[PDB]
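Single-structure report; data block below.
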Amino acid sequence: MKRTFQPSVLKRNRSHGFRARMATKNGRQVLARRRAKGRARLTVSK
Amino acid sequence: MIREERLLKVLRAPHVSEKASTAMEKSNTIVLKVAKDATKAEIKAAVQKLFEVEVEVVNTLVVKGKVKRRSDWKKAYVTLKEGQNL
Amino acid sequence: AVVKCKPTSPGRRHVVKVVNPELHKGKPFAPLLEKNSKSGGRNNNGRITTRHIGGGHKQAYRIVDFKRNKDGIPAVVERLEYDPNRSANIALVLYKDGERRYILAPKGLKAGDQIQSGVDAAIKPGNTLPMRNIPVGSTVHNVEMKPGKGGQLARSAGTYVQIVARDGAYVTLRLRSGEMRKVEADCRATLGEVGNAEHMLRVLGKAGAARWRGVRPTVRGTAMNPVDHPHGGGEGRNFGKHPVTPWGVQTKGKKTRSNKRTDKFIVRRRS
RNA sequence: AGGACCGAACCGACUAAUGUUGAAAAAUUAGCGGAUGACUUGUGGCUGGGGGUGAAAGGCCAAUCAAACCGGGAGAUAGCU
RNA sequence: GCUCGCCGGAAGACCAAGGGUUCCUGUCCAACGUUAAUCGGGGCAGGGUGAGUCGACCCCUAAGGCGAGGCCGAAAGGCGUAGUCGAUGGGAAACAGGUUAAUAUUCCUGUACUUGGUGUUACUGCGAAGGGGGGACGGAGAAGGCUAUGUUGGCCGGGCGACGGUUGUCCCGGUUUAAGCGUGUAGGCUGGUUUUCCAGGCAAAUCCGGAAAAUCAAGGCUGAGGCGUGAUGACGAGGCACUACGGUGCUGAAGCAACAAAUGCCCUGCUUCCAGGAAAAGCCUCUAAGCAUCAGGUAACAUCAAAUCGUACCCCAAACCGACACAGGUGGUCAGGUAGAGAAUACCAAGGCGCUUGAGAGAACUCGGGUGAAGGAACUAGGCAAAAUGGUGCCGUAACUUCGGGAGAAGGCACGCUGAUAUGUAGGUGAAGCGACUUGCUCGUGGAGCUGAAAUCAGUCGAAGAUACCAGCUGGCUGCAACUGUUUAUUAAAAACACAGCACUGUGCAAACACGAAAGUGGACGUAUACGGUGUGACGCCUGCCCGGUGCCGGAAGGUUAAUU
């Protein structure tokens with residue numbers, strides 16, 4: 001059967017990528033929390 | 001005109017392998033692990049000056065460094081005209 | 001002419017179509033076309049603001065001259081064309097200086113006819129004049145509401161407006177609704193009625209024929225659950241309530257016009 | 001010509017059996033319905049939680065839905081166990 | 001290695017997406033792999049991806065996103081103009097052979113093509129974020145002309161048969177060749193060429209549009225395929241050598257015709273229909289400001305430049321999504337033979353596989369099948385399940401009906417092979433020849449050769465001839481919903497929802513109404529034959545009485561009645 005994850009790099013980057021996080025202040029707050037936690041990977045950008 | 005210093009930094013290691021020797025013996029194609037930013041023009045001029053030979057064309061490819069070690073490098077297939085290089 | 005299709009299948013049994021052999025068969029006039037992308041009834045917030053809109057056939061917009069500003073130059077009618085953006089059909093007119101335009105086709109118009117606009121134009125169907133220069137009692141269409149704005153009233157297929165009185169700077173019109181209205185006498189109008197009056201006689205015949213006009217199915221309020229509509233649930237078919245819109249306003253009688261800015265121009269409301 | 005007909009792909013899902021610590025957190029097998037249309041599909045986009053979307057079933061909105069998920073108020077409160 | 005089975009519109013081949021080195025070689029067998037493993041998509045080492053023409057980038061735009069100013073909104077921020085991004089779409093050019101252990105339109109061989117820069121020469125009006133062309137567009141249907149491709153014949157090479165026969169209407173194999181360049185024909189579209197004039201194309205134009213006049217319609221665009229050349233080249237059945245028997249090296253015949261052919265091409269065509277079918281740039285053309293013996297434009301030649309990134313491998317799957325080497329899911333391209341209407345189905349080709357535990361035995365019972373005497377729905381909640389029917393042609397076919405249907409109604413009959421009609425018919429194709437011409441990619445005439453149903457008559461075989469696979473059960477009486485459709489992803493497909501039609505009601509456009517503190521936007525670039533909301537639900541015949549009550553609409557004389565004063 002069809003499962004929920006149907007990957008697509010373009011959609012992934014447009015939805016959760018670095019430039020998408022930086023576009024709004026809430027997304028910029030997501031990045032600040034992840035920097036405070038010390039995450040090795042900030043975003044899905046690769 | 002590309003500067004000499006730039007040309008000195010495009011040539012890193014003469015690639016030695018089975019396919020390397022095969023190409024050199026067949027179409028006089030010297031193979032060289034060059035810099036990953038070295039453009040065709042850069043490699044051509046560098047080999048024609050530092051190795052002082054004649055280059056027909058460069059057929060460079062970027063080799064994806066295998067994980068757990070190798071970093072990403074560039075294999076230039078510097079086809080020479082008749083100038084015997086390495 | 002209205003034609004009944006033979007019942008060679010259900011979905012054809014009750015189809016009545018209005019075929020017009022005078023309508024041009026080729027492509028429309030390219031310089032007068034633009035793209036018209038569909039909306040689905042969604043605004044710039046992306047939300048459905050008008051229900052039951054979506055799909056249908058792709059359509060190109062034809063720029064129709066509603067102002068009729070080219071005064072004093074005669075025009076001849078080249079052909080009648082089908083227009084998918086309205087119930088009426090349009091006419092391609094060639095002005096004597098060599099410029100073409102689209103107008104709403106009046107009732108009796110046909111290829112070869114001569115039309116003209118301005119103060120001194122003759123009183124014939126298809127001619128556009130200020131209503132100051134049109135005899136009282138005339139039947140006109142594509143009527144301006146403000147001088148120079150362009151025609152707004154009586155634009156549908158078989159519609160027309162009657163000039164019933166002229167009192168100073170205003171004329172009184174009888175609208176298709178039956179409403180009596182006042183407009184400035186400097187507003188323009190076109191003599192005659194809009195053609196294609198057989199439009200109202202067509203029968204779609206099947207559900208799909210409405211789907212490809214861009215109309216989506218209407219679900220009755222009483223068929224939903226109470227969370228979705230004031231006509232809520234019930235075990236079986238229950239109503240027990242006064243009819244209302246999905247947002248709770250009493251339909252079936254309650255008047256909704258509230259415009260004090262305009263009330264001065266309504267001589268009589270429709271009945 | 002046809003929301004025509006029969007019937008592969010395709011899209012579905014009426015019945016029976018099997019499976020029920022499954023080959024599978026809904027499938028397999030045998031049949032079954034539509035199959036030029038209110039058709040199906042690829043790729044992008046858009047609508048956000050008392051909100052969306054709904055040919056309307058309280059359906060669906062990432063195996064979650066008569067109010068998603070995550071984190072916070074928070075050690076809510078619990079005459080009950 | 002030899003047999004055997006299995007897929008074959010796939011279980012073959014090539015990709016996109018996604019993955020990420022899984023790819024090739026050498027080594028190892030702890031763990032991994034539902035067993036062993038000497039093997040592996042496992043471990044370790046080393047290699048492997050070569051592009052002016054393929055793709056991306058790039059140019060251009062759709063939906064949509066963002067958005068200087070700007071307009072709004074306690075703040076955060078919303079919307080949006082100029083603009084700028086954004087493919088799933090439009091913009092330039094390479095083919096065939098050969099080669100690696102693993103890369104090829106990328107390397108090599110041969111033969112091409114495109115765009116741009118810069119010089120020389122010759123001739124010259126050039127010049128926009130501006131005008132006009134063009135790009136540029138739906139569904140359905142029907143030819144006709146072709147090709148891919150196939151079959152047979154001819155040709156060439158080989159063969160003469162483990163068992164009766166096999167020097168022949170015998171057997172096996174091969175009979176390939178491209179981009180480009182030249183020609184321009186089956187077809188499609190359109191009258192052409194001059195001259196004069198102008199209320200149009202935000203200005204002006206020699207371009208587009210319009211109006212007259214003259215004179216020839218005999219012109220031009222477009223266009224598959226064929227033919228020529230590429231190419232005396234390459235490839236080529238097989239032979240002859242070396243050999244590590246892997247495999248490498250050398251040489252190399254014929255390389256034609258007829259018929260049948262697509263869902264591919266002509267065709268973005270043609271005919272019809274209503275539901276009336278993107279945009280912008282590249283491209284062509286016109287001028288403005290401006291430039292003036294410059295600069296620019298056109299053509300020829302020469303020369304140079306075409307960067308950067310991707311290229312391995314899987315890709316209906318053991319490499320992607322499903323926790324698994326999971327009976328599931330997953331878009332595009334290609335598609336050979338014999339039967340067949342077929343991309344169904346059976347069996348095969350090319351290729352690819354036997355599904356990572358096996359060996360015995362031959363109990364009950366379970367699963368998945370085959371067949372059954374006599375009965376024949378007695379079963380059961382119910383024919384659930386099974387069994388049955390099943391093709392083509394012809395004959396024949398009731399009630400009822402909205403005249404279309406019902407209807408494959410029902411029910412019958414003939415089907416194989418052989419021979420003759422006719423050493424292969426009707427039909428299809430069509431060569432030479434023969435004439436013609438406005439003389440070759442021409443047109444008639446002629447019928448060689450090839451292909452080829454269907455029928456009738458006669459005969460013959462089995463129990464059976466639509467012999468397999470494939471492939472309607474039928475009829476009678478009723479409830480409901482008109483109908484095709486839609487739904488409770490994962491126990492409900494229905495009489496439910498939708499529906500065409502009907503009615504009511506609201507709405508005069510800055511519409512009602514909706515999403516929005518707002519700004520705005522949808523409705524709608526629509527405008528009362530238009531839109532919204534409600535109920536009913538094709539069609540036919542129809543829809544009675546009641547305004548008490550509760551809404552809604554109208555009226556307002558009087559009573560009561562807020563802030564305020």
Side-chain angles (χ1 to χ4, degrees), chain A residues 1-11 23 25, chain B residues 17-19 22-23 26-27 29 39-41 59-64 66-67 75 77 79, chain C residues 6-14 17 28 35-37 39 41-50 53 56-61 72-73 82 84-87 94-100 145 152-159 175-177 179 181 197 199-200 203-213 216-225 227-228 231 242-247 250-257 259 261-262 266:
Chain A
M1 317 147 77
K2 218 199 208 223
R3 298 313 199 191
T4 63
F5 188 46
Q6 277 327 123
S8 147
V9 181
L10 170 65
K11 302 230 289 213
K25 68 110 199 173
Chain B
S17 87
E18 170 141 313
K19 198 126 154 359
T22 304
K26 250 128 200 122
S27 36
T29 305
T39 73
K40 271 183 200 227
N59 308 94
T60 121
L61 60 108
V62 171
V63 209
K64 341 240 95 44
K66 309 190 241 166
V67 284
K75 182 129 101 248
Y77 270 86
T79 312
Chain C
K6 316 262 244 183
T8 76
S9 51
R12 284 297 263 201
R13 186 177 290 281
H14 319 257
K17 47 174 55 173
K35 68 166 289 253
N36 203 5
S37 169
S39 94
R42 277 105 164 140
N43 57 7
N44 55 4
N45 284 325
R47 305 241 182 140
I48 301 198
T49 47
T50 318
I53 295 175
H57 205 292
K58 183 142 145 193
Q59 255 144 27
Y61 184 77
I73 312 119
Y82 177 88
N85 316 281
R86 71 201 65 251
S87 35
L94 173 62
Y95 285 86
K96 246 182 181 43
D97 51 318
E99 148 202 8
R100 298 177 155 81
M145 272 207 216
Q152 303 207 255
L153 298 142
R155 312 217 316 230
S156 272
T159 68
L175 295 212
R176 284 297 272 131
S177 34
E179 187 194 83
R181 207 209 155 71
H199 177 61
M200 59 171 339
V203 183
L204 267 39
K206 40 175 253 193
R211 284 313 289 300
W212 64 49
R213 277 145 200 281
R216 298 241 308 130
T218 311
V219 172
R220 277 161 316 111
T222 192
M224 305 168 186
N225 307 301
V227 61
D228 304 291
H231 308 174
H242 300 314
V244 286
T245 59
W247 307 276
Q250 190 281 165
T251 165
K252 289 230 154 83
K254 169 142 199 313
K255 288 198 217 323
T256 52
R257 165 185 173 100
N259 209 328
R261 186 185 37 100
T262 295
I266 324 291

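The figures here come from the full heavy-atom set of this structure, side chains too, leaving out hydrogens, waters and symmetry mates. Just so we're on the same page: letters track the sequence lines, and every chain starts at 1.
Under 4.0 angstrom from either OP1 or OP2 of E:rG276 there lies at least one side-chain N or O belonging to C:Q59. Side-chain N/O atoms of C:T50 include none lying less than 4.0 angstrom from OP1 or OP2 on E:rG532. For the OP1/OP2 pair of E:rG52 and a distance below 4.0 Å, the side-chain nitrogens and oxygens of B:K40 include at least one atom meeting the criterion. For E:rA528, one of the phosphate oxygens OP1 or OP2 lies less than 4.0 angstrom from a side-chain nitrogen or oxygen of C:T159. Remark: C:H242 is not in phosphate contact with E:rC552, judged by side-chain N or O atoms under 4.0 Å from OP1 or OP2. The phosphate of E:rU49 (OP1 or OP2) has a side-chain N or O of B:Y77 nearer than 4.0 angstrom. Residue C:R213 has a polar side-chain atom (N or O) positioned under 4.0 Å from OP1 or OP2 of E:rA275.
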B/S/- along nucleotides 36-45 of chain D (protein heavy atoms under 4.0 Å) is --B-----SS

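Remark: bases of strand neighbours E:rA213 and E:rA214 are stacked by the 5.5 Å centre distance and 30° plane angle definition. Judged on ring centres (limit 5.5 Å) and ring planes (limit 30°), E:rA17 and E:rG18 form a stacked step. Stacking of the bases of E:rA422 and E:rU423 is not indicated, since the six-membered rings fail the criterion of centres under 5.5 Å apart and planes under 30° apart. Base stacking between strand neighbours E:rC545 and E:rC546 is detected by the criterion of six-membered ring centres within less than 5.5 Å and interplanar angle below 30°. Bases D:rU18 and D:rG19 qualify as stacked neighbours, criterion being ring centres under 5.5 Å and ring planes under 30°.
If you check every strand for non-hydrogen atoms under 4.0 Å, A:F5 touches sugar and phosphate atoms only.
Across E:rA76 and E:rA68, the matching P atoms stand 14 Å from one another, rounded to whole Å. To the nearest whole angstrom, the two P atoms, one in D:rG52 and one in E:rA10, are 47 Å apart.
In this structure, E:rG419 forms a base pair with E:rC457, meeting the Watson-Crick or G-U wobble definition at 3.5 Å. Base pair annotation for E:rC39 with E:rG33: paired, by the Watson-Crick or G-U wobble rule (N1-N3 plus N6-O4 or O6-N4, or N1-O2 plus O6-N3, under 3.5 Å). The base of E:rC541 does not engage E:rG20 as a Watson-Crick or G-U wobble partner with both distances under 3.5 Å. No Watson-Crick or G-U wobble pair links E:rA458 with E:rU115 when both atom distances must be under 3.5 Å. Nucleotides E:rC146 and E:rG264 meet the pairing criterion: a Watson-Crick or G-U wobble pair with both donor-acceptor distances under 3.5 Å. With both atom-pair distances required to fall under 3.5 Å, no Watson-Crick or G-U wobble pair links E:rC394 to E:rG239. Pairing between E:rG396 and E:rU330: absent (Watson-Crick or G-U wobble, both distances under 3.5 Å).
Considering only side-chain atoms of C:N44, the nucleotide from E:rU21, E:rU521, E:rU527 that sits closest is E:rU521. The B:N59 side chain lies nearest to E:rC107 when the options are E:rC107, E:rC321, E:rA500.
Within the 4.5 Å cutoff, the side chain of B:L61 has heavy atoms near those of the B:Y77 side chain.
Residue ring and base: C:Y61 counts as stacked with E:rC525 (centre distance below 5.5 Å, interplanar angle below 30°).
Base pairing of E:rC531: its partner is E:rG506, meeting the Watson-Crick or G-U wobble criterion (both donor-acceptor distances under 3.5 Å).
For B:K66, the groove reached is the major one, judged by side-chain heavy atoms closer than 5.0 angstrom to groove atoms of paired bases.
A negative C1'-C2'-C3'-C4' torsion places the sugar of E:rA318 in the south, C2'-endo-side range.
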